[PDB]
Each structure stands twice: as C-alpha cells, then as structure tokens.
Amino acid sequence: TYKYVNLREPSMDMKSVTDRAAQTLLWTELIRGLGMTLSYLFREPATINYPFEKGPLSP
Amino acid sequence: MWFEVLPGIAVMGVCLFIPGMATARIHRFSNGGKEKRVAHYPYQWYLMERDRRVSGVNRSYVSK
Amino acid sequence: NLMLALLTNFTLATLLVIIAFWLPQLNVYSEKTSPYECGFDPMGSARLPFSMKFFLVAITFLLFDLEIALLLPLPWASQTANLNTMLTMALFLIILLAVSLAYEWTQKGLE
Amino acid sequence: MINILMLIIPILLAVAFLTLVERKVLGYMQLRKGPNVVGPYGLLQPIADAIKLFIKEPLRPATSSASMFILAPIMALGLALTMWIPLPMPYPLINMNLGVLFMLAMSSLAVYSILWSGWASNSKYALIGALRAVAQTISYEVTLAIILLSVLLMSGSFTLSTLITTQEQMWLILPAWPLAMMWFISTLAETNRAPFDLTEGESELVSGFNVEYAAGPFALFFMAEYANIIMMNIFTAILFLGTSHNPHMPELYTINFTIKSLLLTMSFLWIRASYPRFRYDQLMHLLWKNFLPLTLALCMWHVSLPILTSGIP
Amino acid sequence: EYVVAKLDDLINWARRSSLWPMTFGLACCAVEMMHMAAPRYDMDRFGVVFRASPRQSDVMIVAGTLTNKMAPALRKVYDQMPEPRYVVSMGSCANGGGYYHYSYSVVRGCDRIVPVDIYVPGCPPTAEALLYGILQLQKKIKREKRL
Amino acid sequence: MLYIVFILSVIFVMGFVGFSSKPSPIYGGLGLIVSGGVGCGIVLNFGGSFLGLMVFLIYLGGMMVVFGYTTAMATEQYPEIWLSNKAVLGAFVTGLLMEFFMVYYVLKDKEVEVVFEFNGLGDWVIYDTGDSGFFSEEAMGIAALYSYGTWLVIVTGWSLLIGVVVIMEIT
Amino acid sequence: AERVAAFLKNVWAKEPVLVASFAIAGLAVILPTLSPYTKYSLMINXXXXXXXXXXXXXXXXXXXXXXXXXXXXXXXXXXX
Amino acid sequence: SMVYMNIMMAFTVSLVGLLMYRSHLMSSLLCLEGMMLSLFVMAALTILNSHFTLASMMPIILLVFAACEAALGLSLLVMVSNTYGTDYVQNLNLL
Ligand SMILES: NC(=O)c1ccc[n+]([C@@H]2O[C@H](COP(=O)([O-])OP(=O)(O)OC[C@H]3O[C@@H](n4cnc5c(N)ncnc54)[C@H](OP(=O)(O)O)[C@@H]3O)[C@@H](O)[C@H]2O)c1
Ligand code: SF4
C-alpha cells in the first residue's frame, strides 16, 4: 500500500524555512513536548493499591 | 490528584525554609542589633576594628 | 572563620562513613567480584590503555580554559581604566577565540 | 559557630525529602502513584532509607584500590555540601571577597567524586562509566564560566551580595533572554538527574560511581549528587531571579525566595522524565560545535553594552 | 529489655518500608516483572524502586528460566548482593521449569544454584499474585538478633 | 595557633614529594589537588581572592585532561602504589627527611638553611603589610588590567591561537 | 543579488545557529563606534574617585576654590 | 625570609622530579605543571608583600603560559602511543 516515512523536505522559501529554523535555534517544540506531560500530570492516575483495592478479572 | 503532591511540597517548605531564617534570627544573640557586618575590603574592616577598640572593649560591634 | 566552616562540614561527612563501616558486620566470604554490574568473569583483567577518540577535544579545553581565566578581568577591571582604549583590547581576545574554533570546524576529529 | 551545623542537618533532610519528589512528581508525570504505603503520603519512607542503607548494608569492593575509593564519598559530600557556605541567601555564611569564584571552583572540584570512582575498581568495567563522565562534564565547564561573565559584567562584580541588590524592579531573565535558556542546559554539567545529564544513570550503560560503590558509599553519593540539583536551582534563582530585597524584614524574603527555587526544583525532574539521553558523542556536538559560537557572540554583545550605555558598579 | 527488642524491629522496619529489585531479563516472567512498574498494579515507591546494579539492591527477583550457561552467571550476582539479601523465584521456570524440567539445559528450581525465601508459582505471573511476592516478603521479616 | 600560612606550607611540600618519588599519575595526580588546593590558601591568606582562586580554576580543570590520559595511552598496566615499590618508597622516606627534619630546627631559635638567609620565627612578620589603602584596596584588588600592558594582550591572544592550529598538525 | 540574499537563506536552512553567531557578534563591534552615547560612559568613569583628594599649594591659580559648595574646576553635573 | 624557604624547598623536589624518569613519560608533564605551580606561589608572595598593582598582572600572564607548554607536551604524548603502543622512557630508538 505504501505509507512513506520520508517527508521530502517541508521547507522551500521564506516562510517555510524560517519557522523550521526557529524551532532548531531555540526550542519551541521541546516546550510543546514539555506541555504534553503537563496535562498528563493534571489527569488522575489509574492506580490500584493491593492490600485494600483489587484489580479487574474474568468469570 | 494534587492532594498527594502538595504534602511533598509542604515538607520542602519547612526544611529548605530553615537555612534562610536560621542565619538571620541568630544575629539577635551574636550581635546587639540583629546585624553582622560585611567585610569585603580593608576600609569596612578597619571600621569594625576601631569600634571594638573604642569603649566596646570585648564586643566587636556595639553602638555608642 | 573560613577554616572552621570548611572543616566542620568535612569532619561530619567522613564521620557518616564510619557509621556505615563498623555497624554492619557478620560475614565476608570470597564473594565480591571485579567487574560486577552485569555478571560473568572479567575477560579484560586489570588495566589496558583503550585511549583515543576524544584526544583532540580534551586537549583544546586545556588551551581554552586559560583564555576564559584571562576573560575574568572584564566585570572587575573596567572601573578605573579608560573604556575606549579597553574596547579594542577586550574584544580582541574574544574575536581570536572564534578564529581558533573556525579552524576547529575544518575536520574536528574522530569525536 | 552554630550556623554551619544549622546548614548541614536540615540540608541533608532536604536531600532526603527529595526522594519523595523524585518519584511523586516524576510519578504523576508518568501517571503512577508514588509514596503512599509507608507514611500518611509516604512521608516516613525518605527517613527510612537512612536506616536501610547505612546501619545494615555492609559492602566493600573486591579487588578494590587502597585508600582511594572510600576517599571518594568523603570527596562527594565534603565538596558539594561546602557549596552552601558561599550562598548569599538573605544573609551569607562568611561573605566572600569574590562570591561566584568559590562557587565555580568547588563545583569543578565536586566532579572528582565521579573521577576517583573510576579507580575504585581496578577492573576496566567501571572506568568506562568514568571516561564517559569526563567528556560529559569537561566541555560544559567552558560555557558555564562564559555565560556567567556576560551576566556579571551586566550586573555588579563577582560578589554574590551585589546580585540581590541589582534586581530591584525587574528580573535578569528579560535582558539575558538567550542566556537564561542556556542555564537550563549548562546547569546539567554535573552528573544530575536529567535528560542531558552525565554517565550516572543506568538506561544503556552500567551505573557510574554506583557499580563500584556499595550501598554505604553508594548511598553517600546520592546525598551529594541530588544535593547539587538544589544548589544549581538556588544559584539560578540568584543570577536570574530576585523580585525584592527588603533588609528590614527577612521573613518577606525567605518565603518569596523559596517559591522561586521550588518552581525550578520541579523543572529539572520535569526534564528527567520527558526526554531520552543525548549520547556521548552528540552531547559534545550540542555545545562546542553549536552552542559555543552562540554564547561567545552574546559574550561579545555583553562587553559592548556597559560602554554603549553606562553600566559599571 | 524493651528498648532493645523494639530497636531490632526498627531495623526490620526499613526492609518492611522499601526494597530495591533487580531487573533480571531472563524470560517472559520479566515482562510481568515490568508490569510491577506499570501504574495499574504498582509497587513504585509503595516499597519497590527499580535501579538495577547488584551492589546497591536488597532483593533479587529471578524472573524465568535458568540454564547451565546461566548458572555461573546468577550465582556470583547473588554473591555481589549485600549480606541482608532475599531471593524471590517467580514463575514455574523459577520453581523447576515451566515445561522443561526433564530437559538437558535447564537447571531445576533455582535452589540448586541460589537459595530462595519466597516462591511465586504463577506462569504468566499475574500482577495481582505478584504483589504478594513483596508484601509477604515484608511480613516474613519478623525478628533479627536476640543476643 | 598564631601561624596560619606556615602550617599550610608543610602540606604544600607534602604533596610535592609524590612527584620526585613517582607514584603514578593517579596518586601523583592527587598532589595537584591536595597540595594545589592548600597552595591556594597560601595565596589567599596573604591577600587577593581573585589570584588565589585562579589556581583552582585551571589546575583542577587541566588535571581532568591529564586524567583523560591516566586511564589512557600508557599507564594502564598496574596501579603502582608508592607504598609497595622498594625503589619508590626509598625516595619518599628520604623525601620526608628533606621536610620534617627541617621543621625540627624551626622550633626554638632560627632554623638552619642551605641558603644564606636565616628563617627565624616571624609570626606577626609573616604578613609584613600595613593597611594603607582602604577604598579599592590591595594591589591584587585591581590586579588584572588590559590598560598599560596593551602589548601583553596581543601576544597572549597570539599564543592561544598558535596552539590550536599547531596541535592539529601534530595529530 | 548574488551572495547578499541568495547565500544568506542557505545558512538559515542548514545549521541556523550560525546566523546568530555572526550577526550579534558583528553588531557588537559596529555599534560602539557610531552611536552618540559611548563618550558619556567614560566621563563618569573618570569622575568617580577611588583615591582620596590631594591638596595643592595655591599661588595665582584659576578655577580653584575651597572645599565648600562653589564653582570650582568643573564638577560633574551630567544627568542629575 | 620565612615563608619563602618552604616553597623554595618544594621547588627543589619538583626540580629532581623533572630530572628523574621511571617507566612512563606521564610523570614529567605532571612535574611541568608542578614546577609552574611552585613558581606561581613564589610570584604571588613577592609581588603582594611589596605592593605593585601593575606587576600583579604578570603572574596571571605566567599562569596562562604555565599550561601553554603543558598542553603541547600532552598532545605529543598522544602521537607516541600511536607510533608505538605505550609511552615509555625505557623504549627509544635514536642514538
Ligand atoms: N577453631 C577451630 O576451627 C576448631 C579447632 C578444633 C576443634 N574445633 C571444634 O569444631 C567445632 C567448630 O564449630 P564452630 O566453632 O565453627 O561453630 P560456630 O561457628 O560457633 O557455630 C555454632 C552455631 O550454633 C549456635 N549455638 C551454639 N551454642 C549455642 C548456645 N549455647 N545457645 C544458642 N545458640 C548456640 C550458634 O548460633 P548463634 O550464633 O545464633 O548463637 C552458632 O550459629 C567446635 O565445636 C569445636 O569443638 C574447632
Ligand atoms: S514460568 Fe511461564 S511466564 Fe515465567 S518464564 Fe517460564 S514460561 Fe515464561
């Protein structure tokens, strides 16, 4: 079917080059990656402590 | 939940809070006026030496 | 006192080692091994040179560290001396360091 | 002297209570419950490790070395805990003639803890973790002094007492905009719990300064390695943060200074969980090849600024 | 008399509090041993912190099949452990071969190489059943040093 | 108790014996930290915190480069302890007699010296400097300067350019 | 354009940090020579006294008075 | 005078250290930085006691050049091991 992993260079001229250069000069996308686990901290953990709570099973 | 996270921060708000207050509040017993003099260069050092010499006698820093 | 401040921290640190040294004792068998971490007998016994790979980049640090030490006057010296005479000389050391790193770009090494 | 003893025992507790945060904040970052069983919120577990690792754990290395090895955990604590002394705080313990020079010298001397642990085991397996720890620290000592010099020339002299007074209206983050971003990376020069980090954590290679050490020396290493993380967090909160001074009321400063540092204390453990290791070769290419020409260009920029507009202490 | 008896329990409370496991990537049991780190069934800072290195850890969990090629390897790792050490053989392979047992390469039951204190019988060792392997360990530590 | 610098100078020579009496660049490497770090205290007690802590900045950093060749190149065969070898320990035992036997003559009267100058006691004379300057104090207080010695800035900048290019030709 | 605009965008595409290393360091040399504010900073640097004042013997001298507030020599009044 | 005699005695031991060679070549490069360390302490005490201010810049220049030779000699140590195996004073061909 072919999905293709290669993007064949997203940058071309002026507008497409400068924004791709801005993320490599400072960070931006790493701060975007930093914010990915920020929301993960905010949501409740799906944790079960054994001596009191028990896990799901089958008949 | 943050009700589990906040006691981990509150325990740090006591232990790390100590070195700031322990340095400042000890100046009451060590010196008369809750202040330790800054040395840097001999000019400020000489002012402390003549203070201890002039009628303070035993005390390093004392008013009048 | 600086001497009394440094020694009290150092003596308390070494005393904590003694607590962990004398209290736990029961048996010491021929059980401890040379490499550890992953297991098995050490194929590389004692010591062997290895070396290389970072030999050029490490040497350049010893050369560069002297210049940064010579850059340390900047915030502390520029108070009494004339600024216009200093401007030509203060930048001069920083410019030439970029020139040496420009020569470092043409084949950096194995690293 | 009472102040030094009131800056080791409560400080070792801060490195002890760090172990909570090291798996509570890091836990919620990974969506998992950390300390819970031992105490009310696992608060009795950090103090339990001191009973666990020292009193009962006995190891000494096999082939070993002579006096060195056990000299290294003494070098670990006795050079990293001394770093607390030159700190300006509200009031410093023996205010140095030049402040930051003692901070930069003893930090490089603290690197020796992981260096002497290479000769802890005579076997070659341990020294690979030491040789990797050389380059992951040796290169980053260059910029650490340069980025300091650009900030120091902007505000005051080397004295740490003047760095508090210089920030009366606004922080030093805004004038030193690219330089503040550098001190999230350059602070991780020492072997710290991070993504950039050094040869200390497991992941790919064997644990540096831990595979040779026991429990008792190895336990003493963590009380020094995690101590440096707080030290860099406070040091960033002096050079880049400030907000207010107030010499009359020390109470208003002590609360406000801790919140600024604690936000940075979370930020390094935020870095640790989020990103993979940068590799031995490619960390040497982040700096030196890419970041060193950037920092020197800003160093060139910060030389001209006091001459362009009056800025001399 | 009473202070001496309670101090021994205080030292034993430290092992009741926290024990660091070893990441023995030995078989399929090691995958369920990774499920102890997985949030749904967690011992992460409940009493277990993964760090590896046999020199630092207190408890080693033999997670799967051992062979004659592995018998000299695991033995000295147990010797590299600090003297207060506990071995939890988890799985049927760790108890005497899942199938195997009558095979040529597999060493039977780990006890031929290294002594075991707590046994876990489960092939696919369910994380629910695995939690006993650490909780019963803490319960078994009762008394040390009378004189 | 009156002596501050004199006790530190004993520790200074103590580390220097582990150089003539060769203990390998790891035990001999320690000397640059032990006697080097105490050697900063000799500079610091006389005055000038800048130049005193300047020794710490290079002789520890540059020693890491030396450490990058202790576990490399040549020395990785045997540790070679200065307490084991008969040829090494013989130089150390005669090395300590060059230092510890000299201190024996310091106590009571002036010490005997190979040089013409007498050592004497000198406790208060150890500083040998008056207060004099107050504002912008110490000769070391404004030590490093780009002005006056403008010619010295150029050649130091040249010598740190030469090395980088030269080492590239060698390797 | 041959190298002014054509070659500048090539530095932005591959290794973009090289642009900032030349531009920021380049402006650090040009600005202190052309801007009309640099001469003011040297004036205050010379005005600030490090050492104590020296008294000279007066015998027919212009622009010299007592230590009291009076118009003598010059005295700095550059911006408050 | 008094303090100078101890650091001069440290110089003489490091002087012998540069003239003594055993097995490895690494001892010389330690003693090269060692002898420069002893000269630096001697320079620091002489200039500061009888104050100079202008000539206190001179040991800072000396400290820069202290490792200038040491960095080049340590880089020469690298190429000897590449030609041979391990750097040895005992192993030489030229007459
Ligand atoms: N020096 C020699 O090698 C040598 C020379 C000639 C003959 N031998 C003979 O060979 C034998 C060697 O044995 P060993 O000395 O190796 O044994 P051991 O190490 O003393 O071990 C004996 C064990 O029995 C327990 N035990 C003994 N008496 C006890 C009491 N009254 N109450 C409670 N527990 C007690 C101890 O437990 P706890 O530690 O828990 O109390 C100990 O673990 C000796 O019996 C001796 O006659 C030895
Ligand atoms: S006991 Fe079962 S799950 Fe465990 S290693 Fe053996 S076959 Fe795999």
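Following Swiss-Prot, chain D residues are numbered 3-315, in order.
Cβ atoms are placed via backbone N, Cα and C, with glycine included.
Below 8 angstroms of C-beta separation, residues 6, 9-10, 13-14, 62-63, 96-98, 101, 104-105, 108-109, 111-112, 114-115, 118-119, 121-122, 162-163, 165-166, 211, 214-215, 218-219, 222-223, 225-227, 229-230, 233, 236-237, 240 of the same chain, each at least six residues beyond the ends of the transmembrane segment (D:70-90), sit close to that stretch. Annotated transmembrane segment per Swiss-Prot: D:70-90 (among others), in sequence order, evidence recorded as sequence analysis.
If you look up Swiss-Prot, you'll see D:100-120 (among others) marked as transmembrane segment, on the strength of sequence analysis.
Same-chain residues lying 6 or more positions outside the transmembrane segment (D:146-166) and placing a CB less than 8 Å from one of its CB atoms are 88-90, 94, 97-103, 105-106, 174, 177-178, 181, 184-185, 188, 191, 240-242, 244, 247, 297-298, 300-301, 303-305, 307-308, 313, 315. Taken from Swiss-Prot, the feature transmembrane segment applies to D:146-166 (among others), supported by sequence analysis.
Residues 109, 112-113, 139, 142-143, 145-146, 149, 152-153, 156-157, 198-200, 227, 230, 234, 237-238, 241-245, 269-270, 273, 288-289, 293, 296-297, 300 of the same chain lie 6+ residues outside the transmembrane segment (D:172-192) yet bring a C-beta within less than 8 angstroms of a C-beta in it. What Swiss-Prot records for D:172-192 (among others) is transmembrane segment, and it gives sequence analysis as the kind of evidence.
Beyond the ends of the transmembrane segment (D:222-242), by six or more residues, the same chain brings 13-14, 16-18, 20-21, 24, 75, 78-79, 82-83, 85-86, 89-90, 105, 109, 112, 115, 119, 150, 153, 162, 165-166, 173-175, 178, 182, 185, 189-190, 192-195, 202, 211-212, 215, 259, 262-263, 266-267, 269-270 to within a C-beta distance below 8 angstroms of the stretch. The transmembrane segment annotation in Swiss-Prot covers D:222-242 (among others), and the record cites sequence analysis as its basis.
Per Swiss-Prot, the feature transmembrane segment maps to D:253-273 (among others). Only residues 6 or more beyond the boundaries of the transmembrane segment (D:253-273), in the same chain, are considered here, and those with a CB under 8 A from a CB of the stretch are 23-24, 27-28, 31, 91-92, 186, 189-190, 194-198, 231-232, 234-236, 238-239, 243, 245-247.
Among residues of the same chain six or more beyond the transmembrane segment (D:294-314), those with a C-beta under 8 A of the stretch's C-beta atoms are 144-145, 148-149, 151-153, 155-156, 180-181, 184. Annotation comment: Swiss-Prot describes D:294-314 (among others) as transmembrane segment.
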Same-chain residues near the transmembrane segment (D:100-120), Cβ under 8 Å, at least 6 residues beyond its ends:
70-71, 73-75, 77-78, 81-82, 84-85, 88, 90, 128-129, 131-133, 135-136, 139, 143, 146-147, 150, 154, 159-163, 165, 192-193, 200-202, 210-211, 214-215, 223, 226, 230, 237
